[PDB]
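K.L.:
First the structure, then my questions, so here it is.
2 protein chains.
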Amino acid sequence: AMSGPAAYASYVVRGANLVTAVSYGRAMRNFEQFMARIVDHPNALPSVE
Amino acid sequence: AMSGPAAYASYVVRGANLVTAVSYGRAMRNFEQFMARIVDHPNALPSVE
């Protein structure tokens, strides 16, 4: 017996990646984390937890 | 005597322009108004008015 997930994780190109996917021809996994670290906390050192 | 602007037009790379400027090698002009055509309201034909 084991207990894992039941479904796939869903990744989809939503409203901010979809502009750079169309216009630049490059997209990114999870835009919201890249934006919330470059401009929101620019001096946050990479910690583990 | 003519009427004209008192100052220059501003363009700042703040916001979502700064993420793609750092992560990728490119940057829009007016990313926000450019976003409202592609994902916020698609298949709308260009009209001058």
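Read top to bottom, the protein sequences are chains A and B.
For the first sequence, this note's numbering assigns the number -5 to the initial residue and increments by one for each residue that follows.
For the second sequence, this note's numbering assigns the number -5 to the initial residue and increments by one for each residue that follows.
Positions of the beta carbon are idealized from the N, C-alpha and C atoms, including for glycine.
Given a cut-off of 7 Å, decide if B:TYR18 and A:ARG20 are closer than it, judged by their beta-carbon atoms.
P.N.:
In contact: A:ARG20 and B:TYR18 (Cβ atoms closer than 7 Å).
K.L.:
Quick one: which chain A residues come within Cβ less than 9 Å of B:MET(-4)?
P.N.:
What B:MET(-4) touches in chain A: nothing, since even the nearest Cβ is about 38 Å away.
K.L.:
Compute the Euclidean distance between the alpha carbons of B:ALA30 and A:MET(-4), then round it to the nearest angstrom.
P.N.:
Near 47 Å, if we compare the C-alpha coordinates of A:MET(-4) and B:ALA30.
K.L.:
Suppose the cutoff is 6 Å on Cβ atoms and the five residues either side in sequence are ignored; what does the same chain contact list for B:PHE25 look like?
P.N.:
These residues qualify, in order along the chain: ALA10 and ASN11.
K.L.:
Grab the span of the alpha helix (DSSP H) containing A:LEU12 for me, first residue to last.
P.N.:
Note, A:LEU12: alpha helix (DSSP H), 11 to 17.
K.L.:
Against chain B, does A:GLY19 count as a neighbour if the rule is that its beta carbon must be under 7 Å from one of theirs?
P.N.:
Judged by the 7 Å Cβ criterion, A:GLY19 is not in contact with chain B.
K.L.:
Distance cutoff 7 Å, beta carbons only. Does B:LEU12 sit that close to anything in chain A?
P.N.:
True, the Cβ-Cβ gap to chain A drops below 7 Å.
K.L.:
Grab the span of the alpha helix (DSSP H) containing B:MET22 for me, first residue to last.
P.N.:
No alpha helix (DSSP H) contains B:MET22, which DSSP labels as neither H nor E.
K.L.:
At a CB-CB cut-off below 9 Å, which residues of chain B make contact with A:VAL6?
P.N.:
Near A:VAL6 there are no residues of chain B at all, since even the closest Cβ is about 12 Å away, more than 9 Å.
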